[PDB]
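Below is one structure; the comments refer to it alone.
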Amino acid sequence: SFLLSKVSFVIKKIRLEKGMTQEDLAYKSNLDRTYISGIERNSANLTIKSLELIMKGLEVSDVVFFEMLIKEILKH
Amino acid sequence: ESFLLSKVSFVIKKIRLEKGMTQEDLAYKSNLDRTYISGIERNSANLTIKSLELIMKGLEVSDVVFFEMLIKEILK
């Protein structure tokens, strides 16, 4: 899936840009490290509530996240 | 429901009504249950990214269009 891969990519990109490991983001959001690893491989079951929490943890606003996402969708 | 949650629900229903589609129409076109559509439009907490992909495919709305509308609603 095109959208799933781009969501996964943007979450990994923002996490790596904040210098956070998957563990770091998990600890900040009270999620497991394997949930973050999992979403970066396949974002199918990531919910909007979990994405809001992740965006909170990455200290990215929702608008910037979606701007980043539109950019990735359009690059393709 | 947070404001991101509410706005995702709002934008789905906004586009659905602009498309002249009922909930049942969206359910048919997305291959999701009408109960689930009903629920998302009230509260998007448990909407997954795959279900959002199928909702956009059933509304026949470009993903970029959906996220641009979402950014505009978040900013209002």
Side-chain angles (χ1 to χ4, degrees), chain A residues 1-18 22 25-26 28-76, chain B residues 1-16 18-19 21 23 26-27 29-76:
Chain A
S1 157
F2 172 85
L3 178 64
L4 304 204
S5 68
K6 299 302 191 144
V7 170
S8 288
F9 179 92
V10 171
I11 294 173
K12 177 165 182 169
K13 168 180 171 80
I14 297 165
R15 183 181 59 73
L16 286 171
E17 289 179 355
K18 288 294 155 39
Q22 292 173 337
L25 179 55
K28 202 206 290 212
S29 53
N30 194 17
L31 301 174
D32 199 75
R33 67 157 205 90
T34 60
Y35 177 84
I36 299 303
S37 177
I39 300 333
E40 287 183 356
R41 289 194 313 275
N42 174 12
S43 59
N45 201 234
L46 175 66
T47 58
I48 300 306
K49 182 107 196 311
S50 288
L51 171 64
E52 189 184 57
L53 173 69
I54 283 157
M55 289 193 306
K56 276 213 8 140
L58 291 174
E59 303 181 41
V60 70
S61 55
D62 45 22
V63 164
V64 169
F65 183 92
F66 291 121
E67 285 177 339
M68 295 183 65
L69 182 62
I70 283 167
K71 179 168 182 183
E72 278 319 297
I73 281 169
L74 290 176
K75 286 197 45 229
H76 277 217
Chain B
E1 263 197 328
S2 78
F3 105 141
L4 175 65
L5 303 191
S6 165
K7 291 309 168 118
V8 167
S9 289
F10 180 76
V11 175
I12 292 166
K13 187 168 170 162
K14 177 188 177 144
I15 295 160
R16 189 181 45 85
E18 289 175 340
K19 286 272 167 165
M21 280 180 71
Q23 298 180 339
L26 175 58
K29 298 207 81 174
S30 63
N31 207 131
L32 294 166
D33 291 324
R34 193 272 187 91
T35 62
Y36 182 77
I37 302 301
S38 179
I40 291 312
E41 293 188 348
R42 286 185 300 274
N43 165 31
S44 59
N46 305 288
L47 174 70
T48 56
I49 298 304
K50 182 70 186 189
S51 293
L52 173 65
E53 184 188 47
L54 294 175
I55 285 172
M56 290 186 306
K57 182 185 84 149
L59 291 173
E60 288 165 28
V61 69
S62 162
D63 49 21
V64 177
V65 171
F66 180 94
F67 292 126
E68 292 203 324
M69 295 185 50
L70 178 62
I71 282 167
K72 178 180 157 155
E73 285 304 321
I74 287 165
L75 292 175
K76 98 106 278 262

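Protein chains get the first letters and strands the later ones, always in sequence-line order, with residue 1 at the start of each.
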Based on non-hydrogen pairs under 4.5 Å, which of B:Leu75, B:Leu70, B:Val8 is most in contact with chain A?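 Answer, by heavy-atom pair count under 4.5 Å with chain A: B:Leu70.
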Measure A:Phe2 against the heavy atoms of chain B and call it side chain, backbone, both or neither at under 4.5 Å.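 The answer is both parts of A:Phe2.
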Under a 4.5 Å heavy-atom cut-off, does chain B meet the side chain of A:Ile73, its backbone, both or neither?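 Just the side chain, heavy atoms under 4.5 Å.
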If I take atom [atom1] from residue [X] and atom [atom2] from residue [Y], how far apart are they, to the nearest 0.5 angstrom?
X	Y	atom1	atom2	value
B:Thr48	A:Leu4	OG1	CG	8.5 Å
B:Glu53	A:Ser43	CD	OG	8.5 Å
A:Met68	B:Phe67	CE	CZ	14.0 Å
B:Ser51	A:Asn45	OG	CG	8.5 Å
A:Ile48	B:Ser6	CD1	OG	12.5 Å
A:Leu3	B:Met56	CG	CE	4.5 Å

Look at atom [atom1] of [X] and say whether more than 12 heavy atoms of other residues, nucleotides or ligands are closer to it than 6.0 Å.
X	atom1	value
A:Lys28	NZ	yes
B:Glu1	CD	yes
A:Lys18	NZ	yes

Tell me, side chain or backbone of B:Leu4 under 4.5 Å from chain A's heavy atoms, or both, or neither? both
Relative to chain A, which segment of B:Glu68 carries a heavy atom at a distance below 4.5 Å: side chain, backbone, both, or neither? both
Tell me, do A:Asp62 and B:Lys7 make a side-chain contact under 4.5 Å, heavy atoms counted? no
